[PDB]
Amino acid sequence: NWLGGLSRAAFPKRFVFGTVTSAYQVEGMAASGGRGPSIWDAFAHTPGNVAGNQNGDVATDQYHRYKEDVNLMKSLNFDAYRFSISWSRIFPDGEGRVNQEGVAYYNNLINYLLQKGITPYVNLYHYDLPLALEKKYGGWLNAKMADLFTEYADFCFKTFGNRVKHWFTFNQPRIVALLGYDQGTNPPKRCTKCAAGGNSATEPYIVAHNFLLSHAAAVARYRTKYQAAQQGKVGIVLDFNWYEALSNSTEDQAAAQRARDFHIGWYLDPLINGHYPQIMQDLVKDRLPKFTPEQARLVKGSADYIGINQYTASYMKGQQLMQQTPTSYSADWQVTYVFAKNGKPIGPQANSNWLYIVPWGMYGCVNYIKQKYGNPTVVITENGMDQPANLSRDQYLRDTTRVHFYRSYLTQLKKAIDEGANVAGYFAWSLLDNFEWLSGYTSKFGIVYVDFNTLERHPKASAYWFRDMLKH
């Protein structure tokens, strides 16, 4: 049967199913309603940065249509909606004056969600640093971000926390550090060879450290000031793709484990254990910032749940570790990616080149977190796949590969949960086709099709799949 035996009965009691978007990717009204620019507005408005020179000025216009979209997610039997608050829509300069029209939008959205029985899961940050803070403070290179972020978080907790009980601070700090400061392909476009400046061997580590300190500071403020009255929770969202040793050799197993540690351990070791992974300490040495004991104790235990963004898997091949002149965070791992074993590809690719369809990667990742980190509460906060540009409406709607994707991945998640993994929810990326960063509108991740000429929504087969699977 097309559900492949899946339904709410196949998951734990009260398990949460939702869809996910982010502010810049769906809201539109980027320079309206009092919103100040983010680093992504500046980046996307620069010729050549995004496919087609596209930007999120209008995006899906969820700003005007949010009741349509909430009605749609309710009709598809979802329980929750993960979305983000645009920092520069609340504080156009990142600090100081509040944009009340921006506050009113999120109040209206939250209140409508609650009216329709959809639980809001709210991210405070999703790549969209206020441009004013990048320019004034140097963004995530500056430890002062902990204070600036905490003050923004405090405002959001005070303003929305009587209603919002499920928060996340950040989305994928690894990707900000990697793309923004190692490879230099996302804002602020910093890297060793980059026009904006930078250093791919040091800045990714500074940036990751400042995300951890800022998360920890925001959660401390929540706990000491808001939690008693509001009784909510705050987590963080981290990407984790699976790494599988190419062979059972000691060097290949070591390589796969090094990749896990540099990918997810970079954040989870501090959040669970109060220190960076030993391998990172050993290889990155002086380029890896050191937490003071007090900072370590602030960071450890600071996530009430861990959001995991899971898409894909790779094989890893290793050799003996060697002394090498530092060049980049990426090179520090001393691993070799391989996308075939025994002459067979690990999986077929979706539209995005990095996205190999490998459902057992979901089991791999969830099992590994369960076994390595004492089975923390995990929420799968992003999972999905994309179609390419230029298809007809009907071709978008007949998204049979995405239907297969969700059925297979959710089956593998169910396998991990049935084996005891403490997974509390699952969120499909994305409710809607949207602005896919450097791909612009050329990558379609939605379970609902969006016609980017007319802005019309049309649910795809995968939307009806969810509606059927999730019926109460």
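Numbering starts at 1 and runs along the sequence shown.
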**Asked** Averaging C-alpha B-factors over each stretch, which comes out higher, 258 to 266 or 389 to 397?
**Response** 389 to 397
**Request:** Averaging only over Cα atoms, indicate whether 186 to 194 or 131 to 139 has the higher B-factor in the PDB entry.
**Result:** 186 to 194
**Deposited CA B-factor, highest of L238, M73, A229, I85** = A229
**Prompt:** Out of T250, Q172, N383, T150, which one has a C-alpha B factor higher than all the others in the entry?
**Reply:** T250
**Message:** Test of reading the entry: by CA B factor among the chain's modelled residues, which third contains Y106?
**Reply:** lowest
**Asked** According to the PDB entry, is the CA B factor of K300 in the bottom, middle or top third of its chain, that is, lowest, middle or highest?
**Response** lowest
**Request:** Could you tell me which third, lowest, middle or highest, the C-alpha B-factor of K444 occupies within its chain?
**Result:** lowest
**Message:** Per the entry's values, where does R407 land by CA temperature factor relative to the rest of its chain, in the lowest, middle or highest third?
**Reply:** middle
**Asked** Which third of the chain does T454 land in by C-alpha B-factor: lowest, middle or highest?
**Response** middle
